[PDB]
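**Q** Sharing a structure here in structure tokens format.
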Amino acid sequence: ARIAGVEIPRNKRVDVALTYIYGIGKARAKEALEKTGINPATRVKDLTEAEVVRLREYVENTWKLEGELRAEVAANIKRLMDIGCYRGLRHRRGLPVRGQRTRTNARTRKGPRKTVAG
Amino acid sequence: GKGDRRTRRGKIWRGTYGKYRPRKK
Amino acid sequence: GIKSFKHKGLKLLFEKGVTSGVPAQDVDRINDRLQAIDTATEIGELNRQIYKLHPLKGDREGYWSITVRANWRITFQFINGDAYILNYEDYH
Amino acid sequence: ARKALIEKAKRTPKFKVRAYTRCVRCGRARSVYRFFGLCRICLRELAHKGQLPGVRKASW
Amino acid sequence: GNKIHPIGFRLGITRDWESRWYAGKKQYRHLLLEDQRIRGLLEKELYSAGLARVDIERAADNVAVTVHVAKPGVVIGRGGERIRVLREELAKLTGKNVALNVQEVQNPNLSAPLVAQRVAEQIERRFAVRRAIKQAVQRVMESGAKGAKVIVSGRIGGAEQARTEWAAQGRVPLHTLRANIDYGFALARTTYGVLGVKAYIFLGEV
Amino acid sequence: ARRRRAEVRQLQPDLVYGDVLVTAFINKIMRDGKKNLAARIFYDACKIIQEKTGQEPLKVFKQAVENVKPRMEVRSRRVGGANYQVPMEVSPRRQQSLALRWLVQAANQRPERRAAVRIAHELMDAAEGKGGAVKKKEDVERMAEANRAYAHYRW
RNA sequence: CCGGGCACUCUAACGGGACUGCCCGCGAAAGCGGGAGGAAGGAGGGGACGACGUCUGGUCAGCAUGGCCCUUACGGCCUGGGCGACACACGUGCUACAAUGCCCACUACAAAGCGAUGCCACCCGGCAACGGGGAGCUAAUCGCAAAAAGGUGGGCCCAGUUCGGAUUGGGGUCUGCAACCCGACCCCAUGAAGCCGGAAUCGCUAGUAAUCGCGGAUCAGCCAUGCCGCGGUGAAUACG
RNA sequence: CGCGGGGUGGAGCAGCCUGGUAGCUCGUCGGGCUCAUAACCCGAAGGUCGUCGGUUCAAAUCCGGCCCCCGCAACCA
RNA sequence: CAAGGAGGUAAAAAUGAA
Ligand SMILES: [Mg+2]
Ligand SMILES: [Mg+2]
Ligand SMILES: [Mg+2]
Ligand SMILES: [Mg+2]
Ligand SMILES: [Mg+2]
Ligand SMILES: [Mg+2]
Ligand SMILES: [Mg+2]
Ligand SMILES: [Mg+2]
Ligand SMILES: [Mg+2]
Ligand SMILES: [Mg+2]
Ligand SMILES: [Mg+2]
Ligand SMILES: [Zn+2]
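One line per chain: the protein sequences are QM, QU, QY, QN, QC and QG, in this order.
So that you can map any letter, position 68 of the first sequence is 69 in the deposited numbering, and since no number is skipped, the others follow by simple counting.
So that you can map any letter, position 3 of the second sequence is 4 in the deposited numbering, and since no number is skipped, the others follow by simple counting.
So that you can map any letter, position 57 of the third sequence is 57 in the deposited numbering, and since no number is skipped, the others follow by simple counting.
So that you can map any letter, position 1 of the fourth sequence is 2 in the deposited numbering, and since no number is skipped, the others follow by simple counting.
So that you can map any letter, position 197 of the fifth sequence is 198 in the deposited numbering, and since no number is skipped, the others follow by simple counting.
So that you can map any letter, position 11 of the sixth sequence is 12 in the deposited numbering, and since no number is skipped, the others follow by simple counting.
The structure is reproduced here in structure tokens:
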């Protein structure tokens with residue numbers, strides 16, 4: 002069911018199916034279905050349409066999620082555009098933000114190795 | 002998941018406690 | 001022209017004139033050698049008898065070695081009129 | 002910086018976190034045991050001397 | 002080479018301590034520093050006595066200090082000085098019961114610290130070291146010893162080349178625990194540097 | 002240089018069976034030193050044997066081992082920078098070890114989901130002479146078969 | 001928990017206890033093999049102990065010390081920066097790629113050590129880190145600690161997936177004068193690479209390898225996945 | 001200046017004629033092996049195809065103009 | 001039982017330091 006921006010997860014437990022949304026994770030998941038009052042271990046296969054409506058209405062509202070909060074997150078990094086701080090430059094150069102070790106490692110932001118040789 | 006900060010197992014390994022591992026009872 | 005240092009003491013003597021990285025009695029010695037390696041346009045100029053010049057062997061291939069004093073040698077790589085990796089090392 | 006540096010180690014004023022341990026027999030700042038007030042080096046010397054009350058070789 | 006200090010190697014069985022007091026934390030550190038400063042202050046103005054040991058015992062403000070010496074010539078009869086303020090100058094940073102005793106080491110030729118110290122004096126007298134070693138060993142061996150061994154290392158007779166002079170008669174088993182082996186050491190200060198003298202003296206046990 | 006001929010290690014007999022063999026098999030199942038999980042899996046699979054066949058697992062397991070026994074194996078030996086492969090006989094100790102090892106390995110090679118059903122099935126297949134371990138056994142004997150040429154080098 | 005008792009367990013101090021002494025066989029002897037003997041054996045299992053000497057080995061930055069040099073300075077104080085830099089290369093490791101596995105709940109079984117300028121029971125707030133209280137403990141008395149793997153129950157169903165946790169946004173807490181460079185945790189949300197490793201390369205022969213947690217030193221705090229120890233479950237194989 | 005052949009990674013060579021794929025050996029770069037070098041093993045990167053035009057949907061390739069290279073020819077008086 | 005004289009012999013693996 003097209004809950005937020007997504008619909009994908011069929012026969013696979015609503016507490017888990019919920020996770021498949023940028024903004025839900027695991028904590029907001031069971032938090033949303035206990036506050037909506039729905040059984041977590043259900044089929045996800047389009048069960049009681051009412052439960053699905055209530056779920057959708059609560060989840061999609063309340064807190065920001067999916068493409069909207071991706072925009073906000075990207076905009077929070079755009080904050081350090083202008084004449085920003087040190088943390089912005091780390092987002093500029095493509096290097097790790099939290100001042101860690103970059104002599105080795107840091108491949109998750111630098112990307113795969115390039116090898117200079119000399 | 003000895004390095005995940007959201008498990009009783011990772012909380013053991015890290016040492017610290019919390020929500021995913023309460024200080025007993 | 002000297003272009004890169006590996007030895008910090010050597011680096012400081014030639015750049016700032018800081019002599020506290022080398023022996024005190026080898027200050028003048030090391031200086032005249034470095035200036036020679038700086039002015040040298042080819043390895044053939046670093047050939048005065050008092051230098052005992054020679055290229056190293058094995059893993060140190062591509063390097064050269066003039067003699068300061070006793071068991072002490074200034075090693076470097078000379079290439080295209082320039083020396084690189086100026087070090088202050090031991091004969092053993 | 003060694004003589005004026007074993008001065009500060011006993012001087013200990015100005016912010017409580019700027020104060021640090023320091024071997025007394027030597028002037029070592031590293032591996033200084035709080036129990037003896039000595040570095041690991043000095044401690045070994047005196048332990049072999051016998052000048053360390055009760056301190057004895059460990060075999061087990 | 003690499004060999005463990007024959008004193009520390011015993012400590013428990015054979016060869017007891019040299020500073021025998023008990024304390025828990027918050028006290029050990031202070032009392033050990035004071036203890037060592039006593040050893041440091043004594044060694045200075047008491048070297049002419051040539052002290053084999055500096056035993057120390059404590060019992061809450063009691064601080065007993067036993068100074069073993071070959072010839073206690075620097076004590077000189079009660080109020081003849083060399084003891085009065087001398088055993089009283091300790092309590093200028095102590096203020097506790099400065100009970101200073103003096104022992105008479107009978108044979109100095111059987112006291113390892115004294116042997117090495119006599120040798121180290123001779124190095125500074127510019128003596129022929131190899132001959133000095135030989136004599137000192139025989140001198141120790143002459144006074145009833147079961148085994149002896151003296152070692153001077155480095156810069157022998159000046160001359161640019163660190164050497165190591167070696168001599169040892171009789172029996173010196175360092176590996177054995179029931180050993181009763183006395184170990185001494187001394188720094189010889191020379192106008193050309195510093196060299197160390199080891200001295201091993203051995204007697205029976207079981 | 003093996004001055005001592007290294008005496009054969011002896012095991013503890015299991016529970017309910019008394020095997021001088023089953024425990025050796027449970028040991029191969031054992032990973033990270035968890036004999037509890039190891040023994041459980043085997044006895045679990047023993048319960049599984051009872052279902053698909055009306056046979057006592059003490060024989061099903063026994064015969065399976067007997068069918069996954071290498072009569073002769075290939076051995077690389079001397080002269081020519083160790084160029085030859087003399088086909089050697091296999092000692093009862095080694096047939097023993099290979100049988101159980103190949104069983105467990107082939108068992109975990111199977112596409113099944115539970116460790117017990119893999120063990121049970123691989124044992125039933127091996128008891129018949131069908132298991133992937135039996136493949137391994139028959140394969141090792143092929144190699145030993147093709148080398149009869151310089152087998153006379155023996156030793 | 002009390003009365004009382006301390007035979008068991010434990011605690012820690014001196015002892016006993018195998019020396020192949022005893023049997024068969026081999027042998028000139030030494031010794032070797034084998035057997036009842038007992039908890040134990042033919043150095044019982046681990047430590048501490050490192051010959052004469054070798055490497056012009058290592059260390060003038062622990063310390064000592066010959067010589068050379070510096071002294072309105074190569075010394076002294078301070079604030080700040082740096083040792084944490086990053087196109088890359090190598091070492092030692094940690095966490096994994098899952099179902100003999102992961103999550104949640106319940107429920108057991110250790111040893112070795114550390115603590116009243118601290119460990120902090122038990123309550124109270126808090127999703128939690130933690131904060132408010134506050135009892136006991138100079139500690140085989142009180143506390144750190146519930147050991148974890150295990151067991152029982154239940155849920156995922158093999159899918160980059162409830163595997164994996166990197167990276168990143170946001171919100172907090174604690175030490176500290178202060179944590180931007182550069183602190184550790186907590187919580188929400190993101191959830192990357194990895195589906196098991198080329199040529200090569202390492203460790204281990206019995207409580208051993210593997211796997212599991214626990215303590216300590218340093219230490220205000222902590223970048224500890226390290227080092228030094230402790231016990232839990234517990235393999236495989238040795239022809240040669 | 002007259003005919004024929006040829007300019008392609010750092011080096012030597014293919015691919016052109018039957019337009020849509022640039023391949024081989026060596027060398028370079030990274031990693032192994034060794035005390036170390038060589039040899040060897042693993043894994044990589046690297047070419048305006050001489051230049052200016054033209055044809056074509058598309059040119060290393062098909063067609064012209066120059067620019068070098070190499071090989072033949074230059075004879076009868 | 002105790003051997004003299006007789007004969008087929010390793011591999012593919014090269015170098016050296018300042
Ligand atoms: Mg011994
Ligand atoms: Mg040297
Ligand atoms: Mg010094
Ligand atoms: Mg550093
Ligand atoms: Mg992938
Ligand atoms: Mg998979
Ligand atoms: Mg062994
Ligand atoms: Mg290479
Ligand atoms: Mg090579
Ligand atoms: Mg003609
Ligand atoms: Mg050559
Ligand atoms: Zn010190």
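We put the beta carbon where it would ideally sit given N, CA and C, even for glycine.
For residue 77/QY, which residues from the same chain have a beta carbon less than 6 Å from its beta carbon, with the 5 sequence-adjacent residues on both sides left out?
**A** Contacts found: 62, 63, 84, 85.
**Q** Using 10 angstroms around the beta-carbon of residue 4/QY, count the other beta-carbons present and answer buried if the total reaches 16, otherwise exposed.
**A** Burial call: exposed.
**Q** Under a Cβ-count criterion, where at least 16 other Cβ atoms within 10 Å of its own Cβ denotes burial, should residue 43/QN be classed as buried or exposed?
**A** Buried, since its Cβ has 16 or more Cβ neighbours within 10 Å.
**Q** Would you list, in sequence order, the uninterrupted beta strand (DSSP E) runs of no fewer than 3 residues that lie entirely inside the region 42 to 91 of chain QG?
**A** For the region 42 to 91 of chain QG, whole beta strand (DSSP E) runs of length 3 or above, ordered along the chain, are 73 to 77, 86 to 90.
**Q** May I ask you to list the residues that DSSP assigns as paired with residue 100/QC?
**A** In DSSP, residue 100/QC forms a bridge with 65/QC.
**Q** List the residues of chain QN that residue 12/QC touches, going by C-beta distances under 7 Å, in chain order.
**A** The contacting residues are 51, 57, 58.
**Q** Might you give, ordered along the chain, the residues of its own chain that have their beta carbon closer than 8 Å to the beta carbon of residue 118/QG, omitting 5 neighbours on each side?
**A** The residues are 46, 49.
**Q** If you check the beta carbons only, do residue 11/QC and residue 137/QC fall under 8 Å apart?
**A** No, the Cβ-Cβ distance between residue 11/QC and residue 137/QC is not below 8 Å.
**Q** Measure the CB-CB distance between residue 69/QG and residue 100/QG and report whether it falls below 8 Å.
**A** Yes.
**Q** Step through the CB atoms of chain QC and report whether any lies within less than 8 Å of the CB of residue 48/QN.
**A** Residue 48/QN counts as touching chain QC.
**Q** Just to check my reading of the structure: residue 156/QC and residue 188/QC have Cβ atoms closer than 8 Å, yes? What is that Cβ distance to the nearest angstrom?
**A** Actually they are not in contact, since the Cβ atoms of residue 156/QC and residue 188/QC sit about 12 Å apart, beyond 8 Å.
**Q** Please list the partners that residue 28/QN has in chain QC, where partner means a Cβ-to-Cβ separation under 9 Å.
**A** Chain QC residues near residue 28/QN: none, gap ~14 Å exceeds 9 Å.
**Q** Tell me which same chain residues have a C-beta within less than 7 Å of the C-beta of residue 158/QC, skipping the five on either side of it?
**A** Excluding residues within five positions, the ones whose Cβ falls inside 7 Å are 130.
**Q** Between residue 22/QY and residue 9/QY, which are expected to be in contact by the criterion C-beta below 8 Å, what is the C-beta distance as a whole number of angstroms?
**A** Sure, about 5 Å apart at Cβ, within 8 Å.
**Q** Determine the chain QN residues that contact residue 28/QC at a beta-carbon separation under 9 Å, and present them in chain order.
**A** Correct list: empty, because the minimum Cβ distance to chain QN is about 11 Å.
**Q** In the structure shown, what three-state DSSP assignment does residue 157/QC receive?
**A** In this structure, residue 157/QC counts as coil in the three-state DSSP scheme.
**Q** Closer than 8 Å, Cβ to any Cβ of chain QC: which residues of the region 2 to 32 of chain QN, in chain order?
**A** Those would be 25, 26, in chain order.
**Q** Quick one: list the residues of chain QN neighbouring residue 23/QC, beta-carbon separation under 9 Å, in chain order.
**A** The contacting residues are 54, 55.
**Q** Just to make sure I have the definition right: I need the residues of chain QN whose C-beta is within less than 8 Å of the C-beta of residue 34/QC. Which are they?
**A** Within chain QN, the residues near residue 34/QC are 25, 38.
**Q** So is residue 22/QC buried or exposed if we call it buried at 16+ other beta carbons inside 10 Å?
**A** It counts as buried.
**Q** Using the beta-carbon of each residue, which ones in chain QN are nearer than 8 Å to residue 19/QC?
**A** Per Cβ cutoff of 8 Å: 50, 51, 52.
**Q** Using a Cβ-Cβ distance under 8 Å, would residue 6/QC count as near chain QN?
**A** Closer than 8 Å: yes.
**Q** Suppose the cutoff is 7 Å on Cβ atoms and the five residues either side in sequence are ignored; what does the same chain contact list for residue 19/QY look like?
**A** Result list for residue 19/QY: 13, 27, in chain order.
**Q** Of all Cβ atoms in chain QN, is any one closer than 8 Å to the Cβ of residue 205/QC?
**A** Answer no: the Cβ-Cβ gap between residue 205/QC and chain QN never drops below 8 Å.
**Q** What first and last residue would you give for the alpha helix (DSSP H) that runs through residue 74/QY?
**A** Taken as a continuous stretch (DSSP letters only), residue 74/QY belongs to no alpha helix (DSSP H), being part of the beta strand (DSSP E) at 72 to 79.
**Q** Any contact of the region 143 to 150 of chain QG with the region 80 to 91 of chain QG, i.e. 3+ C-beta pairs under 8 Å?
**A** Because the criterion of three Cβ pairs below 8 Å is met, the region 143 to 150 of chain QG and the region 80 to 91 of chain QG touch.
**Q** State yes or no: is the C-beta of residue 92/QY nearer than 7 Å to some heavy atom of ligand 2?
**A** Residue 92/QY Cβ: within cutoff of ligand 2.
**Q** If we ignore side chains and look at the alpha-carbon of each, how far apart do residue 11/QG and residue 41/QG end up?
**A** Cα to Cα, the separation comes out at about 22 Å.
**Q** For residue 190/QC, which three-state DSSP category applies?
**A** If DSSP states are grouped into helix, strand and coil, residue 190/QC belongs with the strands.
**Q** If you follow the beta strand (DSSP E) that residue 65/QY is part of, which residue opens it and which one closes it?
**A** Counting along the chain, the beta strand (DSSP E) containing residue 65/QY begins and ends at 64 to 69.
**Q** Any heavy atom of ligand 12 inside 7 Å of the beta-carbon of residue 1/QC?
**A** As shown, chain QC starts at 2 and ends at 207. That puts residue 1/QC outside it, with no answer to give.
**Q** Go through its chain and collect everything with a Cβ distance to residue 5/QM's Cβ below 7 Å, but skip five positions before and after it.
**A** Cβ neighbours of residue 5/QM beyond the five flanking positions: 22, 60, 61, 66, 67.
**Q** Answer with yes or no whether the minimum CB distance from residue 162/QC to chain QN is below 8 Å.
**A** Not one chain QN Cβ lies under 8 Å of residue 162/QC.
**Q** Can you look up residue 109/QG in the DSSP assignment and give me helix, strand or coil?
**A** It is helical.
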